[PDB]
Amino acid sequence: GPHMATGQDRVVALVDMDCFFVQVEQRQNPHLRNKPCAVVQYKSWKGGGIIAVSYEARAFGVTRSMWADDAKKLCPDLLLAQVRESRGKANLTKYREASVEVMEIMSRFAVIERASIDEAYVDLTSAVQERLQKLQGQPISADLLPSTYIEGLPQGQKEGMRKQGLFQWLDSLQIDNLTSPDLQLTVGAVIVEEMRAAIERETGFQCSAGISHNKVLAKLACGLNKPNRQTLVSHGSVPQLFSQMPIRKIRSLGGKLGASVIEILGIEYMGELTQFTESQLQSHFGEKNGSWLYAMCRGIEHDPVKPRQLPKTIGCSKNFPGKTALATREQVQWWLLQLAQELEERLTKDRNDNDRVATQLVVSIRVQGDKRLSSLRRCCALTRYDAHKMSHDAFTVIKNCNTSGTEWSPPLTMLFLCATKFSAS
DNA sequence: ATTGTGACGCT
DNA sequence: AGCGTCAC
Ligand SMILES: Nc1ncnc2c1ncn2[C@H]1C[C@H](O)[C@@H](COP(=O)(O)OP(=O)(O)OP(=O)(O)O)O1
Ligand SMILES: [Mg+2]
Ligand SMILES: [Mg+2]
């Protein structure tokens, strides 16, 4: 009724860089632009592992987590850029620095939460109020939304359809009310057009975006029309959108929890969740998950956009698969040193840029044949940015896993050093 | 031999 | 604290 809150209080956007690592390499190397091309890590085992794919290459079936030799079977003219290698491992610095370029531009418009190297949430509520009082009541022109899709429209040529749906949306709009959620979302979309234009002008990079009333819907919306487009998901669009939406497509339901929702309740689509009471969902999935599911299948989610532009952790990882697994003490020490030297470099740069110091060192390892992705995770004190000290401390922390009598067994298939617990400096 | 990250929850 | 989940 009148007291049923509808989750329409905020305007939230999710901005995701289109095939980001590919775009970084295409900016640097113009011969790669507007071509089927991918970014690969390493090169010896089956041509290297593909970690990013241009849309031209995706059209041939090339995907992430495919070996380059196999991708070339699907796409013989595929062009490749290789991740930089330093100290014997992939080094992602070029892409982190490109990400900072983009995040700093986004921060001019609004508060952002860095969700990953190429994705950020945007809290647009106050920016929209400012822009609405700036409008002082005139309507919003289609010309202000040149790359926006309105999900669910038109109802009742891809670009022609986009424009039909946008016209239907704008003709319906009630610009009289500075508190209409649909109007607020529309102004949000105008601002995100401007943000995306600024990113492309000032970096060369293109991105897609979603605009809705919360983070989950904004991320879902972002996925609906890619690349280089943005999508508005209104509250009213949720029943139809969710009526055929697989549960696994909603952020956080792509794993075991979503699988159990499907199996326990005997449903397939998000919208089917509305039939259950909050207490029923809590009985199957716990108090927190159940309340979250009850609201989310109605389009309602409360998770705030956190004011956080910088990562909370600075980590360095390397897998040693198959016969490259580490089998001697010297090997383990040398790779701990390699990881620690990259970590020291990134930490010293982080301290200069961002006025903070990490205080905890996490050391994690995998042992051969262990079913888990991480076998062991132990922490120690991080007191100075010294690679030799950090590597000696990581070894001191993990050495009691060695069961032998200069040899290391069982061989180690992953090493991981992470700097955490930052404090202002 | 589907890597190298990074965020968050549980107990 | 250490382990597990989730999403790229
Ligand atoms: N599993 C992974 N391993 C390594 N790097 C990854 C992985 N997933 C994503 N990345 C990196 C490379 C991507 O360019 C970047 C952004 O990831 P993501 O947003 O899913 O895809 P994308 O930006 O390449 O394409 P899209 O246009 O679909 O967003 O992060
Ligand atoms: Mg992306
Ligand atoms: Mg992304």
# chains A, B, ... in the order shown; residues from 1 in each chain; ligands from 1
call {"tool": "select_by_dssp", "arguments": {"residues": "region 51-285 of chain A", "states": "alpha helix (DSSP H)", "output": "VMD selection string"}}
result
chain A and resid 55 to 58 68 to 74 93 to 109 125 to 135 158 to 172 181 to 203 215 to 222 238 to 243 256 to 265 278 to 285
call {"tool": "write_last_selection", "arguments": {"atoms": "C-alpha atoms", "output": "short mmCIF file (atom, residue, chain, number, x, y, z; two decimals), in the first residue's frame"}}
result
data_model
loop_
_atom_site.label_atom_id
_atom_site.label_comp_id
_atom_site.auth_asym_id
_atom_site.auth_seq_id
_atom_site.Cartn_x
_atom_site.Cartn_y
_atom_site.Cartn_z
CA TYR A 55 33.80 -7.48 -29.76
CA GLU A 56 34.92 -8.23 -33.32
CA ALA A 57 36.69 -11.34 -31.99
CA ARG A 58 33.73 -12.37 -29.77
CA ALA A 68 45.22 -18.67 -27.85
CA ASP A 69 45.90 -21.71 -30.07
CA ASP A 70 42.20 -22.66 -29.76
CA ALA A 71 41.03 -19.10 -30.31
CA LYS A 72 43.05 -19.10 -33.53
CA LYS A 73 41.13 -22.19 -34.63
CA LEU A 74 37.89 -20.17 -34.34
CA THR A 93 50.64 -2.15 -14.11
CA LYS A 94 49.67 -0.71 -17.53
CA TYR A 95 46.02 -1.65 -16.92
CA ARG A 96 45.95 -0.42 -13.31
CA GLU A 97 47.31 2.97 -14.46
CA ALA A 98 44.70 3.14 -17.26
CA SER A 99 42.00 2.33 -14.71
CA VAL A 100 43.12 5.23 -12.53
CA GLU A 101 42.80 7.56 -15.58
CA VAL A 102 39.18 6.53 -15.96
CA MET A 103 38.27 6.52 -12.25
CA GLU A 104 39.66 10.03 -11.77
CA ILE A 105 37.44 11.34 -14.58
CA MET A 106 34.39 9.58 -13.12
CA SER A 107 35.10 11.12 -9.71
CA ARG A 108 34.62 14.63 -11.17
CA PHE A 109 30.92 13.92 -11.67
CA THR A 125 21.22 11.06 -6.39
CA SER A 126 22.59 14.47 -5.42
CA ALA A 127 23.93 15.21 -8.90
CA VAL A 128 20.42 14.55 -10.28
CA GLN A 129 18.77 16.85 -7.73
CA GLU A 130 21.29 19.59 -8.63
CA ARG A 131 20.68 19.12 -12.36
CA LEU A 132 16.87 19.08 -11.88
CA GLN A 133 16.86 22.38 -9.97
CA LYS A 134 19.19 23.59 -12.73
CA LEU A 135 16.67 22.58 -15.40
CA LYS A 158 18.62 -1.49 -34.02
CA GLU A 159 19.11 2.28 -33.75
CA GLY A 160 15.59 2.90 -35.03
CA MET A 161 14.18 0.65 -32.29
CA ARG A 162 16.35 2.36 -29.67
CA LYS A 163 14.96 5.74 -30.69
CA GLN A 164 11.36 4.46 -30.77
CA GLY A 165 11.66 3.22 -27.21
CA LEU A 166 13.35 6.42 -26.07
CA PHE A 167 10.59 8.55 -27.64
CA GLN A 168 7.88 6.47 -25.94
CA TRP A 169 9.70 6.97 -22.64
CA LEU A 170 10.21 10.73 -22.99
CA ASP A 171 6.65 11.43 -24.18
CA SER A 172 5.34 9.79 -21.01
CA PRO A 181 11.69 8.42 -9.70
CA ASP A 182 11.35 7.94 -13.48
CA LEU A 183 12.36 11.56 -14.04
CA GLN A 184 15.27 11.17 -11.62
CA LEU A 185 16.54 8.10 -13.49
CA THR A 186 16.25 9.96 -16.81
CA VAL A 187 18.36 12.87 -15.52
CA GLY A 188 20.78 10.28 -14.16
CA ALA A 189 21.07 8.87 -17.67
CA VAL A 190 21.79 12.35 -19.06
CA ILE A 191 24.64 12.76 -16.57
CA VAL A 192 26.01 9.31 -17.42
CA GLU A 193 25.97 10.22 -21.14
CA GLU A 194 28.13 13.23 -20.19
CA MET A 195 30.40 11.08 -18.02
CA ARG A 196 30.88 8.54 -20.79
CA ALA A 197 31.59 11.31 -23.31
CA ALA A 198 34.22 12.75 -20.98
CA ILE A 199 35.88 9.35 -20.52
CA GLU A 200 36.06 8.78 -24.26
CA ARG A 201 37.33 12.28 -25.07
CA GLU A 202 39.97 12.32 -22.33
CA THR A 203 41.22 8.68 -22.56
CA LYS A 215 23.63 -1.36 -7.61
CA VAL A 216 22.28 -4.79 -8.60
CA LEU A 217 19.81 -3.37 -11.13
CA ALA A 218 22.41 -0.95 -12.47
CA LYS A 219 24.89 -3.81 -13.09
CA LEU A 220 22.15 -5.92 -14.70
CA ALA A 221 21.13 -2.98 -16.89
CA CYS A 222 24.74 -2.37 -17.94
CA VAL A 238 11.26 -5.02 -13.22
CA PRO A 239 8.25 -7.45 -13.36
CA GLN A 240 8.63 -8.09 -17.11
CA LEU A 241 12.44 -8.10 -16.99
CA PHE A 242 12.53 -10.56 -14.09
CA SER A 243 9.74 -12.79 -15.48
CA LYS A 256 26.23 -22.13 -5.21
CA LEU A 257 23.59 -19.95 -3.50
CA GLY A 258 21.75 -19.32 -6.76
CA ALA A 259 21.97 -23.00 -7.59
CA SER A 260 20.40 -23.87 -4.24
CA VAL A 261 17.62 -21.27 -4.74
CA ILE A 262 16.82 -22.97 -8.05
CA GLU A 263 16.99 -26.51 -6.62
CA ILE A 264 15.25 -25.96 -3.28
CA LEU A 265 12.41 -23.78 -4.58
CA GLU A 278 10.11 -13.38 3.57
CA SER A 279 10.01 -15.98 6.35
CA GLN A 280 10.04 -18.81 3.80
CA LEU A 281 13.09 -17.43 2.04
CA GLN A 282 14.85 -16.86 5.37
CA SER A 283 14.08 -20.45 6.38
CA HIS A 284 15.88 -21.81 3.35
CA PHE A 285 18.73 -19.29 2.91
#
call {"tool": "interface_residues", "arguments": {"of": "chain A", "to": "chain C", "cutoff": "9 Å", "atoms": "only C-alpha atoms (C1' of nucleotides)", "output": "PyMOL selection string"}}
result
chain A and resi 116+251-256+374+376-379
call {"tool": "write_last_selection", "arguments": {"atoms": "N, CA and C atoms", "output": "tab-separated table (two decimals), in the first residue's frame"}}
result
chain	number	residue	atom	x	y	z
A	116	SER	N	35.89	-2.97	-9.55
A	116	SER	CA	37.01	-3.76	-10.05
A	116	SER	C	37.89	-2.86	-10.90
A	251	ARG	N	23.65	-10.35	-9.70
A	251	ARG	CA	24.91	-10.35	-8.96
A	251	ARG	C	24.76	-11.03	-7.61
A	252	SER	N	25.63	-12.03	-7.37
A	252	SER	CA	25.79	-12.81	-6.14
A	252	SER	C	25.02	-14.12	-6.20
A	253	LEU	N	24.18	-14.30	-7.22
A	253	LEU	CA	23.45	-15.55	-7.38
A	253	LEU	C	24.01	-16.45	-8.49
A	254	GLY	N	25.16	-16.10	-9.06
A	254	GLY	CA	25.80	-16.89	-10.09
A	254	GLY	C	26.51	-18.14	-9.62
A	255	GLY	N	26.56	-18.39	-8.31
A	255	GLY	CA	27.29	-19.50	-7.74
A	255	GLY	C	26.42	-20.51	-7.02
A	256	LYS	N	26.93	-21.05	-5.91
A	256	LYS	CA	26.23	-22.13	-5.21
A	256	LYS	C	24.91	-21.66	-4.58
A	374	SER	N	42.63	-22.22	-2.43
A	374	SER	CA	43.65	-21.83	-1.46
A	374	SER	C	43.78	-22.93	-0.42
A	376	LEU	N	46.29	-22.71	2.17
A	376	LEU	CA	46.65	-22.10	3.44
A	376	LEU	C	46.77	-20.59	3.30
A	377	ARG	N	46.35	-19.88	4.35
A	377	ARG	CA	46.36	-18.42	4.39
A	377	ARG	C	46.73	-18.00	5.81
A	378	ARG	N	47.94	-17.44	5.98
A	378	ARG	CA	48.38	-16.94	7.28
A	378	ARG	C	48.91	-15.52	7.14
A	379	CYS	N	48.76	-14.75	8.21
A	379	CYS	CA	49.13	-13.35	8.19
A	379	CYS	C	50.29	-13.09	9.14
call {"tool": "interface_residues", "arguments": {"of": "chain A", "to": "chain B", "cutoff": "9 Å", "atoms": "only C-alpha atoms (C1' of nucleotides)", "output": "PyMOL selection string"}}
result
chain A and resi 41+45+49+51+64-66+90+92+115-117+311-322
call {"tool": "atom_distance", "arguments": {"atom1": "CA of residue 178 (chain A)", "atom2": "CA of residue 149 (chain A)"}}
result
22.3 Å
call {"tool": "residues_near_ligand", "arguments": {"ligand": "ligand 3", "cutoff": "6 Å", "atoms": "only C-alpha atoms (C1' of nucleotides) and all ligand atoms", "output": "PyMOL selection string"}}
result
chain A and resi 16+118-119
call {"tool": "write_last_selection", "arguments": {"atoms": "C-alpha atoms", "output": "compact mmCIF listing (two decimals), in the first residue's frame"}}
result
# COMPACT_ATOMS: atom_id res chain seq x y z
CA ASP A 16 32.04 -0.86 -17.13
CA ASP A 118 37.34 -1.79 -15.00
CA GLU A 119 34.05 -1.20 -13.17
call {"tool": "residues_around", "arguments": {"residues": "region 412-419 of chain A", "least_positions_apart": "2", "cutoff": "9 Å", "atoms": "only C-alpha atoms (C1' of nucleotides)", "output": "JSON, numbers by chain"}}
result
{"A": [312, 313, 314, 315, 316, 317, 318, 319, 320, 321, 322, 324, 325, 326, 327, 332, 335, 336, 339, 340, 343, 347, 358, 359, 360, 361, 362, 363, 364, 365, 366, 367, 368, 369, 373, 374, 377, 382, 390, 391, 394, 408, 409, 410, 421, 422]}
call {"tool": "write_last_selection", "arguments": {"atoms": "C-alpha atoms", "output": "mmCIF file, in the first residue's frame"}}
result
data_model
loop_
_atom_site.group_PDB
_atom_site.id
_atom_site.type_symbol
_atom_site.label_atom_id
_atom_site.label_comp_id
_atom_site.auth_asym_id
_atom_site.auth_seq_id
_atom_site.Cartn_x
_atom_site.Cartn_y
_atom_site.Cartn_z
ATOM 1 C CA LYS A 312 41.667 -1.978 -0.119
ATOM 2 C CA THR A 313 44.395 -4.554 -0.797
ATOM 3 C CA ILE A 314 47.479 -4.725 -3.007
ATOM 4 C CA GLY A 315 48.222 -8.295 -4.033
ATOM 5 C CA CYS A 316 50.693 -10.371 -6.042
ATOM 6 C CA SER A 317 49.843 -13.941 -7.087
ATOM 7 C CA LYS A 318 51.306 -16.713 -9.221
ATOM 8 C CA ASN A 319 50.023 -20.192 -10.085
ATOM 9 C CA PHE A 320 52.513 -23.000 -10.785
ATOM 10 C CA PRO A 321 50.392 -25.579 -12.616
ATOM 11 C CA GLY A 322 51.265 -29.058 -13.786
ATOM 12 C CA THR A 324 55.962 -26.322 -12.990
ATOM 13 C CA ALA A 325 54.821 -26.841 -9.374
ATOM 14 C CA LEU A 326 57.544 -25.750 -6.951
ATOM 15 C CA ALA A 327 59.444 -28.727 -5.547
ATOM 16 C CA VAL A 332 60.026 -21.356 -3.143
ATOM 17 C CA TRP A 335 59.564 -16.932 -6.240
ATOM 18 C CA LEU A 336 58.639 -15.454 -2.848
ATOM 19 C CA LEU A 339 56.471 -11.616 -5.680
ATOM 20 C CA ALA A 340 57.815 -9.519 -2.814
ATOM 21 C CA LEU A 343 54.738 -5.943 -4.143
ATOM 22 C CA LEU A 347 53.395 -0.419 -2.269
ATOM 23 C CA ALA A 358 49.808 -1.213 4.693
ATOM 24 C CA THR A 359 50.327 -2.908 8.037
ATOM 25 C CA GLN A 360 49.556 -6.592 7.453
ATOM 26 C CA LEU A 361 51.086 -9.130 5.062
ATOM 27 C CA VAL A 362 48.903 -12.068 4.022
ATOM 28 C CA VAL A 363 50.706 -15.156 2.655
ATOM 29 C CA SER A 364 48.666 -17.859 0.916
ATOM 30 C CA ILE A 365 49.678 -21.044 -0.876
ATOM 31 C CA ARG A 366 48.195 -24.004 -2.743
ATOM 32 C CA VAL A 367 49.677 -27.504 -2.430
ATOM 33 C CA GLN A 368 49.633 -29.994 -5.293
ATOM 34 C CA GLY A 369 46.439 -31.980 -5.733
ATOM 35 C CA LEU A 373 41.782 -22.903 -4.613
ATOM 36 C CA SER A 374 43.650 -21.834 -1.455
ATOM 37 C CA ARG A 377 46.356 -18.420 4.392
ATOM 38 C CA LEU A 382 54.138 -5.692 7.588
ATOM 39 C CA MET A 390 58.663 -9.576 3.251
ATOM 40 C CA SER A 391 59.850 -12.709 1.438
ATOM 41 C CA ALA A 394 56.368 -15.209 4.191
ATOM 42 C CA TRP A 408 59.818 -29.162 -0.726
ATOM 43 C CA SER A 409 56.916 -31.607 -0.728
ATOM 44 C CA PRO A 410 54.121 -31.676 -1.597
ATOM 45 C CA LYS A 421 45.069 -3.133 6.691
ATOM 46 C CA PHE A 422 46.009 0.319 5.410
#
call {"tool": "atom_distance", "arguments": {"atom1": "CA of residue 154 (chain A)", "atom2": "CA of residue 174 (chain A)"}}
result
18.1 Å
call {"tool": "atom_distance", "arguments": {"atom1": "CA of residue 208 (chain A)", "atom2": "CA of residue 150 (chain A)"}}
result
13.9 Å
call {"tool": "closest_residue", "arguments": {"among": "A:138, A:225, A:86, A:28", "to": "ligand 1", "atoms": "only C-alpha atoms and all ligand atoms"}}
result
A:225
call {"tool": "select_by_dssp", "arguments": {"residues": "region 116-336 of chain A", "states": "strand (DSSP E or B)", "output": "ChimeraX atom specification"}}
result
/A:116,119-123,148-150,207-212,230-232,246,269,308,314-319,326-328
